[PDB]
Structures are given as C-alpha cells and as structure tokens.
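For reference, the structure discussed in these notes is given below.
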Amino acid sequence: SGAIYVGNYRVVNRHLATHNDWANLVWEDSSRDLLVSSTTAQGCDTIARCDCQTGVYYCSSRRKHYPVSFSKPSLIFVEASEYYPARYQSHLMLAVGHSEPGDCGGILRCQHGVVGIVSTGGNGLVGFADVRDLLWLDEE
Ligand SMILES: Cc1noc(C)c1C[C@@H](C)C(=O)N(C)C
Ligand SMILES: [Zn+2]
C-alpha cells in the first residue's frame with residue numbers, strides 16, 4: 001500500500017483505489033495502474049520533473065529502502081499477478097529488486113522528488129508507475 005500526496009491530490013495504484021477515491025476521482029488510467037483523487041488537506045510530496053534513471057524505492061516486504069537503477073517509462077508486458085492478468089502496462093519503469101503485491105504504492109524517489117510508485121513485481125524485478133509526465137499534479 002501507499003500513496004503520493006501532492007497539493008490537493010492523492011495518487012494511488014488504480015487497483016488499490018477505495019470507494020472514496022472513486023467518489024472524489026480526478027483522473028484514472030487502467031493501462032498505467034494509476035488513479036488520482038482530490039484531498040481536503042495539502043500533501044507533503046514534490047513530484048520529480050526530470051529523466052533520472054537512478055533513485056531509491058521503499059519495499060514494504062523488506063521494511064527497507066533500496067537504491068536502484070531503472071529503465072525509462074515504456075510499454076511493457078507484465079506477467080499475471082494476484083491483482084491483474086498478464087497484460088501490457090504503459091508508463092512502466094523496471095529495476096532489479098524485490099516486489100510483492102503488497103509492496104505496491106511504495107515511493108521511488110530521485111534527487112528531484114517522487115518519480116513513481118511500485119506497481120509490478122515478480123521474477124526479481126520491481127516495476128514503477130511513472131508520474132513525472134503528469135505535469136498537472138503541480139497546480140490547481
Ligand atoms: C506507452 C508509453 N509508456 O510510456 C510512455 C512514455 C509511453 C507513451 C509514449 C511517451 C511512448 O510510447 N513512448 C515514448 C515510449
Ligand atoms: Zn530526478
């Protein structure tokens with residue numbers, strides 16, 4: 001589990017979005033595994049605006065933050081997980097590391113701020129849903 005809290009937005013994995021998220025929906029994209037809802041209180045996070053390929057991510061199933069190198073966001077085939085069938089996921093970055101289903105929502109961060117959240121795992125990789133192209137998160 002986990003979210004990004006930027007401005008008056010809450011960014012979550014689409015598959016973990018709550019009824020309250022859907023009732024306060026700003027934007028959602030199944031192909032990216034992302035959903036954004038509106039918040040009453042302002043959040044503590046800053047979104048990275050950059051093309052970094054190194055950062056640190058939180059792994060809940062290890063209680064640890066790991067430094068990783070990761071691929072630029074692309075269209076990637078993802079094998080079946082407990083929460084999605086085998087399918088293409090867009091705007092996905094991969095790194096070598098540990099990820100189980102419950103690790104979804106852990107932040108990946110670089111020197112510029114939050115890059116994305118954990119969205120995929122298995123076979124020794126961790127996949128992250130990018131948010132650095134969602135420039136509208138920084139206003140309004
Ligand atoms: C799909 C997809 N996933 O992440 C990105 C980025 C895209 C959309 C578009 C920018 C694209 O296809 N590129 C450059 C790979
Ligand atoms: Zn960066």
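Every chain in the structure tokens takes a letter, A first, then B, and so on in the order presented; its residues are numbered from 1, and the ligands are numbered from 1 following the presented order.
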
Mind listing the residues within 6 Å of ligand 2, only C-alpha atoms and all ligand atoms counted, as a PDB file with N, CA and C atoms, in the first residue's frame?
ATOM      1  N   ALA A  48       9.049  14.772  -8.966  1.00  0.00           N
ATOM      2  CA  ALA A  48      10.232  14.951  -9.806  1.00  0.00           C
ATOM      3  C   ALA A  48       9.808  15.369 -11.209  1.00  0.00           C
ATOM      4  N   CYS A  50      12.047  15.439 -14.491  1.00  0.00           N
ATOM      5  CA  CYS A  50      13.404  15.015 -14.833  1.00  0.00           C
ATOM      6  C   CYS A  50      13.370  13.727 -15.638  1.00  0.00           C
ATOM      7  N   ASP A  51      14.525  13.289 -16.156  1.00  0.00           N
ATOM      8  CA  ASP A  51      14.662  11.947 -16.777  1.00  0.00           C
ATOM      9  C   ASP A  51      15.715  11.143 -16.005  1.00  0.00           C
ATOM     10  N   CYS A  52      15.804  11.296 -14.693  1.00  0.00           N
ATOM     11  CA  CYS A  52      16.679  10.402 -13.903  1.00  0.00           C
ATOM     12  C   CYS A  52      16.328   8.933 -14.152  1.00  0.00           C
ATOM     13  N   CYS A 110      13.968  10.304  -6.634  1.00  0.00           N
ATOM     14  CA  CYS A 110      15.310  10.744  -7.084  1.00  0.00           C
ATOM     15  C   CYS A 110      15.640  12.053  -6.381  1.00  0.00           C
ATOM     16  N   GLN A 111      16.743  12.652  -6.810  1.00  0.00           N
ATOM     17  CA  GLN A 111      17.150  13.963  -6.281  1.00  0.00           C
ATOM     18  C   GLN A 111      16.107  15.053  -6.542  1.00  0.00           C
ATOM     19  N   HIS A 112      15.203  14.897  -7.487  1.00  0.00           N
ATOM     20  CA  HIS A 112      14.190  15.928  -7.806  1.00  0.00           C
ATOM     21  C   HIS A 112      12.847  15.715  -7.085  1.00  0.00           C
TER      22      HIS A 112
END

task: For ligand 1, list the contacting residues at 7 Å or closer, counting only C-alpha atoms and all ligand atoms, as a ChimeraX atom specification.
output: /A:73-75,90-92

Let's have the selection written as a PDB file, in the first residue's frame, with N, CA and C atoms.
ATOM      1  N   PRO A  73      10.301   5.114 -18.613  1.00  0.00           N
ATOM      2  CA  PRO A  73       8.946   4.605 -18.742  1.00  0.00           C
ATOM      3  C   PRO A  73       8.677   4.150 -20.186  1.00  0.00           C
ATOM      4  N   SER A  74       8.036   3.003 -20.300  1.00  0.00           N
ATOM      5  CA  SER A  74       7.683   2.434 -21.610  1.00  0.00           C
ATOM      6  C   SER A  74       6.457   1.528 -21.477  1.00  0.00           C
ATOM      7  N   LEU A  75       6.154   0.832 -22.571  1.00  0.00           N
ATOM      8  CA  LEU A  75       5.004  -0.114 -22.732  1.00  0.00           C
ATOM      9  C   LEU A  75       5.642  -1.479 -22.577  1.00  0.00           C
ATOM     10  N   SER A  90       1.502   0.524 -19.499  1.00  0.00           N
ATOM     11  CA  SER A  90       2.187   1.685 -20.046  1.00  0.00           C
ATOM     12  C   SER A  90       2.874   2.501 -18.943  1.00  0.00           C
ATOM     13  N   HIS A  91       3.762   3.375 -19.370  1.00  0.00           N
ATOM     14  CA  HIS A  91       4.481   4.308 -18.465  1.00  0.00           C
ATOM     15  C   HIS A  91       5.121   3.560 -17.278  1.00  0.00           C
ATOM     16  N   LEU A  92       5.633   2.385 -17.558  1.00  0.00           N
ATOM     17  CA  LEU A  92       6.207   1.494 -16.541  1.00  0.00           C
ATOM     18  C   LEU A  92       7.738   1.515 -16.617  1.00  0.00           C
TER      19      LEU A  92
END

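Compared by their closest atoms to residue A:85, and using only C-alpha atoms, the residues A:2, A:31, A:39, A:103 rank with A:31 nearest.
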
task: Enumerate, as number ranges by chain, the complete set of residues in chain A that a backbone-based DSSP assignment places in alpha helix (DSSP H).
output: A: 19-23

Dump N, CA, C and O atoms for the selected residues as a PDB file, in the first residue's frame?
ATOM      1  N   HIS A  19     -13.430   3.216  -2.453  1.00  0.00           N
ATOM      2  CA  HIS A  19     -14.678   3.866  -2.900  1.00  0.00           C
ATOM      3  C   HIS A  19     -14.548   5.392  -2.770  1.00  0.00           C
ATOM      4  O   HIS A  19     -14.997   6.097  -3.685  1.00  0.00           O
ATOM      5  N   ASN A  20     -13.942   5.881  -1.690  1.00  0.00           N
ATOM      6  CA  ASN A  20     -13.819   7.338  -1.503  1.00  0.00           C
ATOM      7  C   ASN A  20     -12.966   7.914  -2.638  1.00  0.00           C
ATOM      8  O   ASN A  20     -13.215   8.997  -3.141  1.00  0.00           O
ATOM      9  N   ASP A  21     -11.930   7.186  -3.069  1.00  0.00           N
ATOM     10  CA  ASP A  21     -11.118   7.674  -4.200  1.00  0.00           C
ATOM     11  C   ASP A  21     -11.997   7.835  -5.420  1.00  0.00           C
ATOM     12  O   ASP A  21     -11.902   8.844  -6.148  1.00  0.00           O
ATOM     13  N   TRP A  22     -12.754   6.792  -5.769  1.00  0.00           N
ATOM     14  CA  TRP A  22     -13.626   6.815  -6.948  1.00  0.00           C
ATOM     15  C   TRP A  22     -14.697   7.898  -6.827  1.00  0.00           C
ATOM     16  O   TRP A  22     -15.025   8.482  -7.814  1.00  0.00           O
ATOM     17  N   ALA A  23     -15.164   8.179  -5.619  1.00  0.00           N
ATOM     18  CA  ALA A  23     -16.217   9.195  -5.380  1.00  0.00           C
ATOM     19  C   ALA A  23     -15.640  10.595  -5.483  1.00  0.00           C
ATOM     20  O   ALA A  23     -16.437  11.576  -5.527  1.00  0.00           O
TER      21      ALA A  23
END

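Reported to one decimal place, the separation of atom CA of residue A:71 from atom CA of residue A:121 is 14.4 Å.
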
task: Select, from A:84, A:77, A:136, A:5, the residue with the minimum atom-to-atom distance to residue A:116, counting only C-alpha atoms.
output: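 Selected residue with least distance to residue A:116: A:5.
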
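When only C-alpha atoms are used to compute distances to residue A:72, the closest of the residues A:89, A:60, A:120, A:53 turns out to be A:53.
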